[PDB]
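The structure appears right after this line, and notes come after that.
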Amino acid sequence: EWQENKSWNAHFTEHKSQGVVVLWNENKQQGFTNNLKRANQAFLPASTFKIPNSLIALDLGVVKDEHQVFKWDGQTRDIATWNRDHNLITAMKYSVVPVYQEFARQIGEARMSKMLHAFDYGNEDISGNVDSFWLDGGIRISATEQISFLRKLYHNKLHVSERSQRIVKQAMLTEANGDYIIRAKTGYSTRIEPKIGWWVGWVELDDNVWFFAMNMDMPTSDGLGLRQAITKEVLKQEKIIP
Amino acid sequence: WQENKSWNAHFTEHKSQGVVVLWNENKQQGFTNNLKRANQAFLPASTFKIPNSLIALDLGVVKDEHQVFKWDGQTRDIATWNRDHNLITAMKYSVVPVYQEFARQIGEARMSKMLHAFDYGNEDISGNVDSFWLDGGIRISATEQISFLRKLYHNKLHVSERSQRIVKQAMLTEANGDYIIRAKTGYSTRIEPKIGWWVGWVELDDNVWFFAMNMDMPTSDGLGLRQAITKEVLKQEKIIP
Ligand SMILES: O=C(O)c1ccc(/C=N/n2c(-c3ccc(Cl)cc3)n[nH]c2=S)cc1
Ligand SMILES: O=C(O)c1ccc(/C=N/n2c(-c3ccc(Cl)cc3)n[nH]c2=S)cc1
Ligand SMILES: [Cl-]
């Protein structure tokens with residue numbers, strides 16, 4: 001069912017980096033990774049949590065639809081793209097933490113906890129501030145657990161409405177062309193060691209879907225582009241994309 | 001409406017001619033290289049797969065975007081048609097026989113009513129129920145395409161929200177960190193003049209630009225110019241990098 005391919009480590013070491021890529025072939029129900037141990041080690045989800053947070057916010061009516069505007073609170077933050085109005089599409093795209101922190105406060109800890117249990121999401125533990133636990137609280141999730149969660153979303157099998165799931169998958173749109181469609185979410189965990197970067201999602205082909213989840217050590221923001229670059233090198237090696 | 005004839009340079013570069021029509025949604029302003037051709041109505045050809053999909057989904061002819069429509073075993077000229085398809089791939093490869101079967105299940109009565117509800121083109125389905133958008137009486141202009149697409153974008157067509165969301169998913173053509181294009185190609189060859197279509201929209205962070213283009217297309221060799229010329233216009237207008 002699972003196969004370890006250490007040759008993928010060549011894509012990590014050439015960028016003076018360390019991490020894991022996990023792939024799941026949906027048609028064949030087979031998994032592949034460069035590092036079986038790390039594939040199953042759990043980390044703070046950081047902004048990959050915007051996928052379940054979006055789902056919950058939509059299903060509860062906290063977010064009406066993908067056009068609703070969440071106005072900037074006027075607090076100038078370090079990431080420039082955060083300092084303006086957003087909707088669900090752009091808030092996901094730019095990983096706009098303050099928008100989702102407000103979602104979390106409106107959702108509340110009771111409903112948040114209940115929903116993550118229903119989602120079977122990670123360790124299901126929201127200990128910490130209700131509006132930052134995915135950044136510095138108790139929640140943890142592994143790459144293989146990310147894939148399990150994403151497979152449910154792809155198939156509309158999560159316990160929220162079909163509409164909520166369709167809207168979040170639209171908001172996850174990252175890249176598309178005549179060869180493939182990538183729906184995904186980046187993450188960057190900086191508050192608690194070890195600092196790591198994430199990229200989780202899937203690649204839609206004409207006749208199959210490949211789920212993926214990667215994380216890597218990220219001591220500085222300098223290497224954030226490596227999340228997508230290394231994943232795409234693995235996808236290219238495995239002939240999933242040209 | 002504003003006419004910018006300088007866009008014609010993008011057509012003459014390839015010894016071609018046609019029209020691109022743009023609509024700036026935020027500003028409610030339109031732009032085109034040729035106001036008269038912008039309003040000239042043609043057979044929609046495979047751009048008709050947008051309303052046809054909507055109707056098929058809303059009536060349950062298509063259950064969802066995963067349902068598989070098996071190849072009937074007839075070897076047709078376009079190789080990608082000779083295989084099983086779902087709604088996503090049928091739209092991607094403009095697989096006429098899949099949609100012809102849809103049209104038959106839908107029937108002329110329901111098709112006619114729906115196109116009237118959609119205010120679509122001249123709303124005329126005269127001809128074969130399974131080919132009228134290729135060689136029948138239906139006609140639509142580039143500006144009329146944009147009117148229809150704007151309703152779809154806003155989920156304002158008289159079909160369910162789910163049907164409209166699914167079709168907009170199936171229209172996905174290109175996406176990156178700068179833009180998202182949802183669109184549908186068309187190639188009208190059965191009746192003169194032979195023309196190529198590309199209609200859809202460009203999603204930006206803070207605006208949407210609707211577009212509809214058609215161009216003379218005497219041979220299939222120039223089909224790539226539909227997208228290429230459109231993107232040159234988009235580049236000139238600073239809509240995409
Ligand atoms: O701990 C936080 O509050 C936090 C920090 C950075 C981010 C976003 N990181 N990030 C970035 C990012 C990070 C830093 C800079 Cl300067 C630019 C982009 N790109 N993609 C992602 S994900 C999210 C949350
Ligand atoms: O009149 C028809 O039955 C008909 C002919 C060609 C098409 C497909 N046109 N087309 C094509 C196309 C046309 C010819 C070839 Cl060889 C390959 C693709 N690319 N994109 C589009 S749209 C659709 C319908
Ligand atoms: Cl989409």
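Residue numbering restarts at 1 in every chain; chains get A, B, ... in the order shown in the structure tokens, and ligands count up from 1 in that same order.
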
Practice task
Write down as JSON, numbers by chain the residues of segment 13-229 of chain B whose backbone DSSP state falls under strand (DSSP E).
Solution key: {"B": [18, 19, 20, 21, 22, 23, 24, 29, 30, 31, 32, 172, 173, 174, 175, 180, 181, 182, 183, 184, 185, 186, 187, 188, 195, 196, 197, 198, 199, 200, 201, 202, 203, 208, 209, 210, 211, 212, 213, 214, 215, 216]}

Practice task
Write down, as a PyMOL selection string, each residue of chain B that has any atom within 7 Å of an atom of chain A, counting only C-alpha atoms.
Solution key: chain B and resi 89+173-176+205

Practice task
Compare B:177, B:241, B:186, B:60 by their minimum atom-to-atom distance to residue 102 of chain B, counting only C-alpha atoms, and give me the closest one.
Solution key: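 Residue with the minimum atom-to-atom distance to residue 102 of chain B: B:60.
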
Practice task
Compute the set of protein, DNA and RNA residues whose minimum atom distance to ligand 2 is at most 12 Å, using only C-alpha atoms and all ligand atoms, and state it as a ChimeraX atom specification.
Solution key: /B:43-49,76-81,90-100,130-136,183-192,194-199,214,217-227

Practice task
Could the residues that lie within 7 Å of ligand 1, counting only C-alpha atoms and all ligand atoms, be listed as a list in words?
Solution key: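 Checking only C-alpha atoms and all ligand atoms against ligand 1 at 7 Å gives residues 46, 47, 79, 94, 95, 97, 135, 186, 187, 188, 189, 190, 191, 221 and 224 of chain A.
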
Handout entry: Who sits within 10 Å of residue 110 of chain A, only C-alpha atoms, same chain under 5 positions skipped, as a PyMOL selection string
Key = chain A and resi 115+126+130

Please dump the current selection as a CSV table (one decimal), in the first residue's frame; keep N, CA, C and O atoms.
chain,number,residue,atom,x,y,z
A,115,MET,N,-16.8,20.3,15.4
A,115,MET,CA,-16.6,20.2,13.9
A,115,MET,C,-15.3,19.4,13.6
A,115,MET,O,-15.3,18.6,12.7
A,126,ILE,N,-8.0,21.7,20.2
A,126,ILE,CA,-8.0,23.1,20.0
A,126,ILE,C,-7.5,23.9,21.2
A,126,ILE,O,-7.7,25.1,21.2
A,130,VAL,N,-8.7,30.5,21.1
A,130,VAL,CA,-9.7,30.1,20.1
A,130,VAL,C,-9.3,30.7,18.7
A,130,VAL,O,-9.6,30.1,17.7

Exercise for the section: Taking the DSSP assignment computed from this structure's backbone, write out as a VMD selection string all residues of segment 23-102 of chain B that belong to helix (DSSP H, G or I). Expected result: chain B and resid 35 to 38 45 to 58 79 to 81 87 to 92 96 to 102

Selected residues written out with N, CA and C atoms, as a JSON list (two decimals), in the first residue's frame:
[["chain", "number", "residue", "atom", "x", "y", "z"],
["B", 35, "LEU", "N", -17.05, 47.53, -33.01],
["B", 35, "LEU", "CA", -18.39, 47.62, -32.42],
["B", 35, "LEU", "C", -19.43, 46.87, -33.24],
["B", 36, "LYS", "N", -19.33, 46.94, -34.56],
["B", 36, "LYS", "CA", -20.34, 46.27, -35.38],
["B", 36, "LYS", "C", -20.21, 44.75, -35.35],
["B", 37, "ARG", "N", -18.99, 44.23, -35.47],
["B", 37, "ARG", "CA", -18.83, 42.78, -35.40],
["B", 37, "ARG", "C", -19.12, 42.29, -33.98],
["B", 38, "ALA", "N", -18.93, 43.15, -32.98],
["B", 38, "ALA", "CA", -19.22, 42.78, -31.59],
["B", 38, "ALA", "C", -20.68, 42.38, -31.44],
["B", 45, "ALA", "N", -21.79, 27.25, -31.96],
["B", 45, "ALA", "CA", -20.98, 26.02, -31.98],
["B", 45, "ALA", "C", -20.75, 25.51, -30.56],
["B", 46, "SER", "N", -19.53, 25.07, -30.24],
["B", 46, "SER", "CA", -19.32, 24.44, -28.93],
["B", 46, "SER", "C", -19.37, 25.39, -27.73],
["B", 47, "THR", "N", -19.51, 26.70, -27.94],
["B", 47, "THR", "CA", -19.75, 27.57, -26.79],
["B", 47, "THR", "C", -21.14, 27.29, -26.24],
["B", 48, "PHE", "N", -21.97, 26.62, -27.03],
["B", 48, "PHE", "CA", -23.28, 26.21, -26.55],
["B", 48, "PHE", "C", -23.20, 25.15, -25.46],
["B", 49, "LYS", "N", -22.03, 24.56, -25.25],
["B", 49, "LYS", "CA", -21.90, 23.58, -24.18],
["B", 49, "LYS", "C", -22.08, 24.24, -22.81],
["B", 50, "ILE", "N", -21.94, 25.56, -22.72],
["B", 50, "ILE", "CA", -22.22, 26.20, -21.43],
["B", 50, "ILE", "C", -23.72, 26.12, -21.09],
["B", 51, "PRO", "N", -24.62, 26.68, -21.94],
["B", 51, "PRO", "CA", -26.02, 26.52, -21.56],
["B", 51, "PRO", "C", -26.49, 25.07, -21.58],
["B", 52, "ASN", "N", -25.98, 24.26, -22.50],
["B", 52, "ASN", "CA", -26.39, 22.86, -22.57],
["B", 52, "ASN", "C", -26.05, 22.11, -21.27],
["B", 53, "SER", "N", -24.86, 22.37, -20.73],
["B", 53, "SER", "CA", -24.47, 21.78, -19.44],
["B", 53, "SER", "C", -25.41, 22.19, -18.32],
["B", 54, "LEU", "N", -25.72, 23.48, -18.28],
["B", 54, "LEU", "CA", -26.58, 24.01, -17.24],
["B", 54, "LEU", "C", -27.93, 23.32, -17.24],
["B", 55, "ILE", "N", -28.49, 23.18, -18.43],
["B", 55, "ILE", "CA", -29.81, 22.59, -18.59],
["B", 55, "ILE", "C", -29.77, 21.11, -18.21],
["B", 56, "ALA", "N", -28.77, 20.40, -18.72],
["B", 56, "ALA", "CA", -28.61, 18.97, -18.44],
["B", 56, "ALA", "C", -28.49, 18.71, -16.94],
["B", 57, "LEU", "N", -27.70, 19.53, -16.24],
["B", 57, "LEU", "CA", -27.56, 19.38, -14.80],
["B", 57, "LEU", "C", -28.85, 19.69, -14.06],
["B", 58, "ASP", "N", -29.54, 20.76, -14.46],
["B", 58, "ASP", "CA", -30.69, 21.17, -13.67],
["B", 58, "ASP", "C", -31.84, 20.17, -13.82],
["B", 79, "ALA", "N", -9.59, 12.45, -31.95],
["B", 79, "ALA", "CA", -9.26, 11.23, -31.21],
["B", 79, "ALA", "C", -9.69, 11.29, -29.75],
["B", 80, "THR", "N", -9.63, 12.48, -29.15],
["B", 80, "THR", "CA", -10.00, 12.60, -27.74],
["B", 80, "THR", "C", -11.48, 12.35, -27.49],
["B", 81, "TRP", "N", -12.28, 12.32, -28.56],
["B", 81, "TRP", "CA", -13.70, 12.02, -28.43],
["B", 81, "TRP", "C", -13.95, 10.52, -28.31],
["B", 87, "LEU", "N", -18.35, 15.31, -17.25],
["B", 87, "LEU", "CA", -18.65, 16.69, -17.66],
["B", 87, "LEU", "C", -17.39, 17.54, -17.81],
["B", 88, "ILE", "N", -16.42, 17.32, -16.92],
["B", 88, "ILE", "CA", -15.18, 18.10, -16.95],
["B", 88, "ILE", "C", -14.41, 17.86, -18.24],
["B", 89, "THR", "N", -14.21, 16.59, -18.59],
["B", 89, "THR", "CA", -13.40, 16.30, -19.77],
["B", 89, "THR", "C", -14.20, 16.51, -21.07],
["B", 90, "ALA", "N", -15.51, 16.32, -21.01],
["B", 90, "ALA", "CA", -16.35, 16.53, -22.19],
["B", 90, "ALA", "C", -16.30, 18.00, -22.59],
["B", 91, "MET", "N", -16.23, 18.88, -21.61],
["B", 91, "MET", "CA", -16.15, 20.32, -21.91],
["B", 91, "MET", "C", -14.73, 20.68, -22.39],
["B", 92, "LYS", "N", -13.72, 20.17, -21.70],
["B", 92, "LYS", "CA", -12.33, 20.39, -22.06],
["B", 92, "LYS", "C", -12.05, 20.05, -23.53],
["B", 96, "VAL", "N", -18.64, 16.76, -28.76],
["B", 96, "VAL", "CA", -19.99, 16.91, -29.32],
["B", 96, "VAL", "C", -20.94, 15.72, -29.10],
["B", 97, "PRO", "N", -20.50, 14.46, -29.35],
["B", 97, "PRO", "CA", -21.50, 13.39, -29.22],
["B", 97, "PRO", "C", -22.05, 13.20, -27.80],
["B", 98, "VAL", "N", -21.27, 13.51, -26.77],
["B", 98, "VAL", "CA", -21.78, 13.47, -25.41],
["B", 98, "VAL", "C", -22.91, 14.49, -25.26],
["B", 99, "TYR", "N", -22.71, 15.69, -25.78],
["B", 99, "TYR", "CA", -23.69, 16.75, -25.63],
["B", 99, "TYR", "C", -24.89, 16.56, -26.54],
["B", 100, "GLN", "N", -24.69, 15.87, -27.66],
["B", 100, "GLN", "CA", -25.79, 15.53, -28.54],
["B", 100, "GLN", "C", -26.75, 14.59, -27.83],
["B", 101, "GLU", "N", -26.21, 13.63, -27.10],
["B", 101, "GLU", "CA", -27.06, 12.75, -26.31],
["B", 101, "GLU", "C", -27.79, 13.53, -25.21],
["B", 102, "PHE", "N", -27.10, 14.47, -24.54],
["B", 102, "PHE", "CA", -27.76, 15.36, -23.58],
["B", 102, "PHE", "C", -28.97, 16.06, -24.20]]

Problem - All residues 9 Å or closer to residue 98 of chain A, only C-alpha atoms, same chain fewer than 4 positions away omitted, as a list in words - result: residues 72, 73, 82, 102, 103 and 131 of chain A

Exercise for the section: Just the residues within 7 Å of residue 16 of chain B, please, counting only C-alpha atoms, with nothing from its chain fewer than 3 positions along; format it as number ranges by chain. Expected result: B: 11-12, 216

Emit the selected residues as a PDB file, in the first residue's frame, including C-alpha atoms.
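Final output, saved to again-v5.pdb:
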ATOM      1  CA  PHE B  11      -5.366  40.153 -35.771  1.00  0.00           C
ATOM      2  CA  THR B  12      -3.355  41.402 -38.757  1.00  0.00           C
ATOM      3  CA  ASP B 216     -12.578  34.017 -39.214  1.00  0.00           C
TER       4      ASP B 216
END

Exercise for the section: Rank B:128, B:3, B:28, B:170 by their smallest atom-to-atom distance to ligand 3, using only C-alpha atoms and all ligand atoms, and report the top residue only. Expected result: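 That would be B:170, the residue with the smallest distance to ligand 3.
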
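Across B:168, B:162, B:10, B:15, the tightest approach to ligand 3 is made by B:168 when counting only C-alpha atoms and all ligand atoms.
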
Problem - Residues near residue 106 of chain B, cut-off 8 Å, only C-alpha atoms, skip fewer than 2 positions along chain, as number ranges by chain - result: B: 55-56, 59, 61, 102-104, 108, 110-111

Export, as a PDB file, in the first residue's frame, the selected residues with N, CA, C and O atoms.
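In the end it all went to selection33.pdb:
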ATOM      1  N   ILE B  55     -28.490  23.176 -18.430  1.00  0.00           N
ATOM      2  CA  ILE B  55     -29.812  22.588 -18.587  1.00  0.00           C
ATOM      3  C   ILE B  55     -29.775  21.108 -18.210  1.00  0.00           C
ATOM      4  O   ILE B  55     -30.627  20.629 -17.452  1.00  0.00           O
ATOM      5  N   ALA B  56     -28.769  20.400 -18.717  1.00  0.00           N
ATOM      6  CA  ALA B  56     -28.606  18.974 -18.436  1.00  0.00           C
ATOM      7  C   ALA B  56     -28.486  18.708 -16.936  1.00  0.00           C
ATOM      8  O   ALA B  56     -29.099  17.777 -16.414  1.00  0.00           O
ATOM      9  N   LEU B  59     -31.864  19.439 -14.936  1.00  0.00           N
ATOM     10  CA  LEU B  59     -32.915  18.452 -15.191  1.00  0.00           C
ATOM     11  C   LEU B  59     -32.523  17.053 -14.723  1.00  0.00           C
ATOM     12  O   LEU B  59     -33.325  16.119 -14.789  1.00  0.00           O
ATOM     13  N   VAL B  61     -30.272  15.162 -16.141  1.00  0.00           N
ATOM     14  CA  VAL B  61     -29.696  14.402 -17.248  1.00  0.00           C
ATOM     15  C   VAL B  61     -28.234  14.086 -16.923  1.00  0.00           C
ATOM     16  O   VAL B  61     -27.726  12.999 -17.208  1.00  0.00           O
ATOM     17  N   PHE B 102     -27.103  14.466 -24.544  1.00  0.00           N
ATOM     18  CA  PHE B 102     -27.761  15.358 -23.581  1.00  0.00           C
ATOM     19  C   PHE B 102     -28.967  16.058 -24.200  1.00  0.00           C
ATOM     20  O   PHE B 102     -30.048  16.109 -23.611  1.00  0.00           O
ATOM     21  N   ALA B 103     -28.746  16.632 -25.374  1.00  0.00           N
ATOM     22  CA  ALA B 103     -29.772  17.419 -26.051  1.00  0.00           C
ATOM     23  C   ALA B 103     -30.996  16.556 -26.351  1.00  0.00           C
ATOM     24  O   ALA B 103     -32.134  17.016 -26.219  1.00  0.00           O
ATOM     25  N   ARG B 104     -30.755  15.309 -26.748  1.00  0.00           N
ATOM     26  CA  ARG B 104     -31.854  14.399 -27.062  1.00  0.00           C
ATOM     27  C   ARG B 104     -32.670  14.084 -25.810  1.00  0.00           C
ATOM     28  O   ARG B 104     -33.902  14.008 -25.887  1.00  0.00           O
ATOM     29  N   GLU B 108     -36.673  18.991 -27.402  1.00  0.00           N
ATOM     30  CA  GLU B 108     -36.825  20.341 -27.941  1.00  0.00           C
ATOM     31  C   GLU B 108     -37.704  21.254 -27.075  1.00  0.00           C
ATOM     32  O   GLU B 108     -37.409  22.446 -26.941  1.00  0.00           O
ATOM     33  N   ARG B 110     -38.190  21.366 -23.731  1.00  0.00           N
ATOM     34  CA  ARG B 110     -37.493  21.859 -22.551  1.00  0.00           C
ATOM     35  C   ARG B 110     -36.301  22.724 -22.957  1.00  0.00           C
ATOM     36  O   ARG B 110     -36.000  23.711 -22.291  1.00  0.00           O
ATOM     37  N   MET B 111     -35.644  22.376 -24.061  1.00  0.00           N
ATOM     38  CA  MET B 111     -34.506  23.166 -24.542  1.00  0.00           C
ATOM     39  C   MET B 111     -34.955  24.579 -24.890  1.00  0.00           C
ATOM     40  O   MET B 111     -34.335  25.563 -24.479  1.00  0.00           O
TER      41      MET B 111
END

Per residue of chain B within 9 Å of ligand 3, note the shortest atom pair and the distance in Å to one decimal, counting only C-alpha atoms and all ligand atoms, and order the rows by chain and increasing residue number, as JSON lines.
{"residue": "B:165", "atom": "CA", "partner": "ligand 3", "partner_atom_place_in_ligand_line": "1 (Cl)", "distance": 8.4}
{"residue": "B:166", "atom": "CA", "partner": "ligand 3", "partner_atom_place_in_ligand_line": "1 (Cl)", "distance": 8.5}
{"residue": "B:168", "atom": "CA", "partner": "ligand 3", "partner_atom_place_in_ligand_line": "1 (Cl)", "distance": 6.9}
{"residue": "B:169", "atom": "CA", "partner": "ligand 3", "partner_atom_place_in_ligand_line": "1 (Cl)", "distance": 4.3}
{"residue": "B:170", "atom": "CA", "partner": "ligand 3", "partner_atom_place_in_ligand_line": "1 (Cl)", "distance": 7.5}
{"residue": "B:171", "atom": "CA", "partner": "ligand 3", "partner_atom_place_in_ligand_line": "1 (Cl)", "distance": 8.1}
{"residue": "B:172", "atom": "CA", "partner": "ligand 3", "partner_atom_place_in_ligand_line": "1 (Cl)", "distance": 6.0}
{"residue": "B:182", "atom": "CA", "partner": "ligand 3", "partner_atom_place_in_ligand_line": "1 (Cl)", "distance": 8.5}

Practice task
Quick one: everything within 12 Å of segment 11-15 of chain A, counting only C-alpha atoms, minus sequence neighbours fewer than 6 positions away in the same chain. Send it as a ChimeraX atom specification.
Solution key: /A:5,21,34-35,214-218,222-237

Restricting the output to N, CA and C atoms, write the selected residues as a CSV table (one decimal), in the first residue's frame.
chain,number,residue,atom,x,y,z
A,5,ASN,N,10.4,6.2,-1.4
A,5,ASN,CA,11.3,6.4,-2.5
A,5,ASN,C,12.3,7.5,-2.1
A,21,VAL,N,7.6,14.7,1.2
A,21,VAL,CA,6.5,14.8,0.3
A,21,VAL,C,5.8,13.5,0.4
A,34,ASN,N,9.1,10.1,0.4
A,34,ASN,CA,10.5,9.9,0.6
A,34,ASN,C,10.9,9.5,2.0
A,35,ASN,N,10.0,9.7,3.0
A,35,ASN,CA,10.3,9.5,4.4
A,35,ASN,C,9.1,9.1,5.1
A,214,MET,N,3.1,18.0,1.8
A,214,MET,CA,4.5,18.1,2.0
A,214,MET,C,4.7,19.1,3.2
A,215,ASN,N,5.8,18.8,4.0
A,215,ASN,CA,6.2,19.8,4.9
A,215,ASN,C,7.8,19.8,4.9
A,216,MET,N,8.4,20.9,5.3
A,216,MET,CA,9.8,21.0,5.2
A,216,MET,C,10.3,22.0,6.3
A,217,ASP,N,11.6,21.8,6.7
A,217,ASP,CA,12.1,22.8,7.7
A,217,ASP,C,12.3,24.1,7.0
A,218,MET,N,11.9,25.2,7.8
A,218,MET,CA,11.9,26.5,7.2
A,218,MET,C,12.4,27.5,8.2
A,222,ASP,N,13.0,32.9,3.6
A,222,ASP,CA,13.7,32.9,2.3
A,222,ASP,C,13.4,31.7,1.4
A,223,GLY,N,13.1,30.6,2.1
A,223,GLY,CA,12.9,29.4,1.3
A,223,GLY,C,11.4,29.0,1.1
A,224,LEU,N,10.5,29.9,1.3
A,224,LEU,CA,9.1,29.5,1.2
A,224,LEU,C,8.7,29.0,-0.2
A,225,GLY,N,9.3,29.5,-1.2
A,225,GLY,CA,9.0,29.1,-2.6
A,225,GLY,C,9.4,27.6,-2.8
A,226,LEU,N,10.2,27.1,-2.0
A,226,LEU,CA,10.7,25.7,-2.1
A,226,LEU,C,9.5,24.7,-1.9
A,227,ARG,N,8.5,25.1,-1.1
A,227,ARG,CA,7.4,24.3,-0.8
A,227,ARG,C,6.7,23.8,-2.1
A,228,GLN,N,6.4,24.7,-3.0
A,228,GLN,CA,5.9,24.4,-4.3
A,228,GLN,C,6.9,23.8,-5.2
A,229,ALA,N,8.1,24.4,-5.2
A,229,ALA,CA,9.2,24.0,-6.2
A,229,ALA,C,9.6,22.5,-6.0
A,230,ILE,N,9.8,22.1,-4.8
A,230,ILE,CA,10.2,20.7,-4.5
A,230,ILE,C,9.0,19.8,-4.8
A,231,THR,N,7.8,20.1,-4.4
A,231,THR,CA,6.7,19.3,-4.7
A,231,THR,C,6.5,19.1,-6.2
A,232,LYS,N,6.7,20.1,-7.0
A,232,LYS,CA,6.6,20.0,-8.4
A,232,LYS,C,7.7,19.2,-9.1
A,233,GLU,N,8.9,19.2,-8.5
A,233,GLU,CA,10.0,18.4,-8.9
A,233,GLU,C,9.6,16.9,-8.7
A,234,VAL,N,9.0,16.6,-7.6
A,234,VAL,CA,8.6,15.2,-7.3
A,234,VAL,C,7.4,14.8,-8.3
A,235,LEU,N,6.4,15.7,-8.5
A,235,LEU,CA,5.4,15.4,-9.5
A,235,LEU,C,6.0,15.2,-10.9
A,236,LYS,N,7.0,16.0,-11.3
A,236,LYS,CA,7.6,15.8,-12.6
A,236,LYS,C,8.3,14.5,-12.7
A,237,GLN,N,9.0,14.1,-11.6
A,237,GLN,CA,9.8,12.9,-11.6
A,237,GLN,C,8.9,11.7,-11.7

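Between atom CA of residue 6 of chain B and atom CA of residue 228 of chain B there is a distance of 16.1 Å.
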
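Take atom CA of residue 145 of chain A and atom CA of residue 121 of chain A: the distance between them is 7.4 Å.
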
Practice task
Compare A:62, A:153, A:160, A:147 by their minimum atom-to-atom distance to residue 32 of chain A, counting only C-alpha atoms, and give me the closest one.
Solution key: A:147

Problem - Option closest in space to residue 206 of chain B, from B:13, B:161, B:178, B:232 [counting only C-alpha atoms] - result: B:178

Exercise for the section: For each of A:25, A:96, A:157, A:56, take the minimum atom-to-atom distance to residue 80 of chain A, counting only C-alpha atoms, then give the residue where this is smallest. Expected result: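 Closest to residue 80 of chain A, using only C-alpha atoms: A:96.
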